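> Numbering of the sequence shown is given in PDB author numbering, commencing with residue 2 and proceeding in unit increments.
Backbone N, C-alpha and C define an ideal beta-carbon position, used for all residues, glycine too.
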Amino acid sequence: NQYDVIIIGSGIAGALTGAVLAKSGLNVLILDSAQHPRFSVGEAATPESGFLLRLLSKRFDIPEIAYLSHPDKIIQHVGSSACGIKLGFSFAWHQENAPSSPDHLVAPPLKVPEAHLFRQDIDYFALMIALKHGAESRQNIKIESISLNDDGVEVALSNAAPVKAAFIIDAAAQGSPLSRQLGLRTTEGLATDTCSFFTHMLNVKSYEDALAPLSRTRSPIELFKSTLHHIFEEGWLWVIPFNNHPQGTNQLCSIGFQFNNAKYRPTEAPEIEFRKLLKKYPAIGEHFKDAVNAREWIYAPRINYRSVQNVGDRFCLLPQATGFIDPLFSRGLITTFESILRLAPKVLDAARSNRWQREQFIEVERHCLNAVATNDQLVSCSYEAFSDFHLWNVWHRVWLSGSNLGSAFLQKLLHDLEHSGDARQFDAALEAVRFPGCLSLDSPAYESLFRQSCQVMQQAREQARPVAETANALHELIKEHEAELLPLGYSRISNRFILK
Ligand SMILES: [Ca+2]
């Protein structure tokens, strides 16, 4: 074969997959119909995504991958416009036909700052990592066909000779091109049904200046220096600044609003839907008095999908090509980076033994499809908890306790790897987790809390239960399971800023 591995898509997922494989001695070809620089959403890093990048870096000995996990390192090595800063997630709740209250907020702060990724700069830098380790890249191409054979894969291209490899990876951020032709993609059975409008803006006012200062909120973090979620019954809006870092030079702020299609369907053009949203929620409008759009609004009428399979003898779909639920909680990048970390060693074994059977990659599929299902439950139940602040306040502890447990588990895996230097042991440890794709990874007590909490929320939606009933039911579940969670005081509802 001309190449060991062909990768579709040259964003961060495809580029980092290409880098680790090329560093490990494979001949890699990255194909993309787009070209750099180009825009992309999926901007909010998490503690999980940070640890996964550091794991990728350490597992494959590529120090530059670890720069992408911390904003100071991004500023220094990628560039001063390449990120904003994030000291936590903040959630501010609103309701139609009532003034918004600065006490209807929750914001768990971080120990260590994470990044708001300016993806045009981040992704190009990541492609450069791959290129410097020997991966070939072809941009602005047109794939005529993909053929999956006994002996390999053939990709036909427009105005060029066909290219051959042993294996193909679909790392495309959108479209799921291999998923299309294989008939694997479906919306059947998903609880989440949401649309999205997104763009980048100049002169978006900070939360502190527009709505309420730190003296009024009593928040331990500036909401300006956080991934801000404005939440309400039928949907939510993100405020993700790139212009909030003291050494940063980016002027933009990412803005996206999502609707639950069961509750509200948009009928008009994006700027009209935006102005109607700000009329419904004048508190949110305070961000945008002097703001101007720095690109066209993108509308996606349904962002949710999944796939019935995602690996074969000669292929693997990375998580973005397999399934997506919603930007809420930024679970997409988490799933993506863990999947690469699980897949890459198996592709190396396969390339070195020349054995290419679906069974070799079954744990990659298991993690991916379980992650998407969990993500679907988490988000759909969250969209229901948007109906009331007190309900949201109680419910958000279910997400937080899980995520805290998952991060702690990933940190432990990193620490073990760094002190032993044992890559096989790490690969086995990640594969041996009891709940791959779930928020905790390995806590039966947490996953009991999660599953019963999700049941409470789905019943509440199906039978239109009172929000005070639903909140109390969740609160008792947290109290029941609290002893087996990290000791952060998840059950004390009066504390709206759960500190590490
Ligand atoms: Ca080779």
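Cβ of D350 within 6 Å of any heavy atom in ligand 1?
Because no heavy atom of ligand 1 lies under 6 Å away, the Cβ of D350 does not count as near it: no.
> For the structure I just gave you, are there three or more beta carbon pairs, one from the segment 322-332 and one from the segment 366-381, closer than 8 Å?
Taking 8 Å as the limit for Cβ pairs, the verdict is that the segment 366-381 does touch the segment 322-332.
> Where does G176 sit, in a helix, a strand or coil, going by DSSP?
If DSSP states are grouped into helix, strand and coil, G176 belongs with coil.
> Give a yes or no on contact between the segment 112-132 and the segment 69-80, applying the rule of three or more CB pairs nearer than 8 Å.
The segment 112-132, when compared against the segment 69-80, does touch it at the 8 Å Cβ threshold.
> Should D152 be listed as close to ligand 1, given that the test is whether its C-beta is under 6 Å from any heavy atom?
Outside the cutoff, so no.
> Given the structure, does residue 504 come close to ligand 1, in the sense that its CB is under 6 Å from one of the ligand's heavy atoms?
Since the first residue of the chain shown is 2 and the last is 501, residue 504 is not available in this structure.
> What are the boundary residues of the beta strand (DSSP E) that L418 is part of?
No beta strand (DSSP E) contains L418, which is instead part of the alpha helix (DSSP H) from 390-421.
> Pull up the distance between the alpha-carbon of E272 and that of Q321, whole angstroms please.
Computed Cα separation, rounded: 28 Å.
> Let me have the residue list for ligand 1: C-beta closer than 5 Å to any non-hydrogen atom, ordered along the chain.
The set, ordered by position in the chain, is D5, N28.
> Going by other Cβ atoms of all chains shown within 10 Å of its Cβ, with 16 needed for buried, is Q358 buried or exposed?
Exposed, by the Cβ-count rule.
> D389 to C455, Cα distance in whole Å?
Cα-Cα distance, rounded: 16 Å.
> How would you label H482, buried or exposed, when you count the other beta carbons within 10 angstroms and need 16 or more for buried?
The residue in question, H482, is buried, as its Cβ has 16 or more Cβ neighbours within 10 Å.
> Indicate, with yes or no, if ligand 3 has a heavy atom lying under 6 Å from the CB of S383.
This structure lacks ligand 3; its bound ligands are ligand 1.
> Write down the C-beta distance between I13 and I169 rounded to the nearest angstrom, noting that I regard them as a contact closer than 8 Å.
That belief does not hold up - the Cβ atoms of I13 and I169 are roughly 19 Å apart, past 8 Å.
> Considering only their Cβ atoms, is the gap separating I9 from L32 smaller than 7 Å?
Taking 7 Å as the Cβ cut-off, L32 and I9 qualify as a contacting pair.
> What does the alpha-carbon distance come out to for the pair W396 and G403?
About 12 Å.
> For a minimum of 3 consecutive residues, which ranges assigned as the beta strand (DSSP E) are wholly contained in the segment 266-350?
299-301, 316-318, all fully within the segment 266-350.
> Are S11 and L128 closer than 7 Å when you measure CB to CB?
Yes, the pair counts as a contact, with Cβ atoms nearer than the cut-off.
> If you count every other CB in all the chains shown that lies within 10 Å of the CB of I363, and 16 or more means buried, which is it?
When all chains shown are included, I363 counts as exposed.
> If contact is defined by three or more beta carbon pairs under 8 Å, each pair taking one atom from either stretch, is the segment 297-316 in contact with the segment 276-287?
Cβ pair count under 8 Å is below three, so no.
> In the DSSP assignment, find the alpha helix (DSSP H) that holds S101 and state where it starts and stops.
No alpha helix (DSSP H) contains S101, which DSSP labels as neither H nor E.
> Put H134 into one of helix, strand or coil per three-state DSSP.
Looking at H134 - three-state DSSP - the assignment turns out to be coil, as it is neither helix nor strand.
> Should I299 be labelled buried (16 or more other beta-carbon atoms within 10 Å of its own) or exposed?
Exposed.
> Which term fits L500, buried or exposed, when burial requires 16 or more other beta carbons within 10 angstroms of its beta carbon?
Exposed, by the Cβ-count rule.
> Return the chain-ordered ranges of every alpha helix (DSSP H) run that is complete within the segment 139-219 and spans a minimum of 4 residues.
List check, alpha helix (DSSP H) in window: 178-183, 208-211, 215-218.
> Would you please state the rounded distance, in angstroms, between the beta carbons of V457 and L475? I believe it to be under 8 Å.
Their Cβ separation, rounded to whole angstroms, is 6 Å, which keeps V457 and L475 in contact under 8 Å.
> State the CB to CB distance for the pair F275 and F199, rounded to an integer number of angstroms; the pair is presumed to be in contact (CB under 8 Å).
11 Å between Cβ atoms; not a contact.
> Assuming contact is defined by CB atoms lying nearer than 7 Å, are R398 and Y491 in contact in what I supplied?
The answer is yes: Cβ separation under 7 Å.
> Thinking just about the alpha-carbon of each residue, which of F387, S444, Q36, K413 is nearest to the one in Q259?
When each option's Cα is compared against that of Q259, the closest is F387.
> Counting pairs of beta carbons, one from the segment 212-219 and one from the segment 101-110, are three or more of them closer than 8 Å?
Enough Cβ pairs lie closer than 8 Å, so yes.
> In the structure shown, what three-state DSSP assignment does residue 528 receive?
The question about residue 528 has no answer here: the residues shown for the chain are numbered 2 through 501.
> What does the Cβ neighbour count give for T218, buried or exposed, with the cut at 16 atoms within 10 Å?
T218 is buried by the Cβ-count criterion.
> Name the one or two DSSP bridge partners that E115 has.
Answer is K87, bridged to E115.
> Taking just the CA atoms, how far does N98 sit from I63?
The straight-line gap from Cα to Cα measures roughly 53 Å.
> For a quick check, are the C-beta atoms of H231 and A93 less than 7 Å apart?
Result yes, Cβ atoms of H231 and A93 sit closer than 7 Å.
> For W94, write down the residues that DSSP places opposite it in a beta bridge.
DSSP lists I232 as partners of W94.
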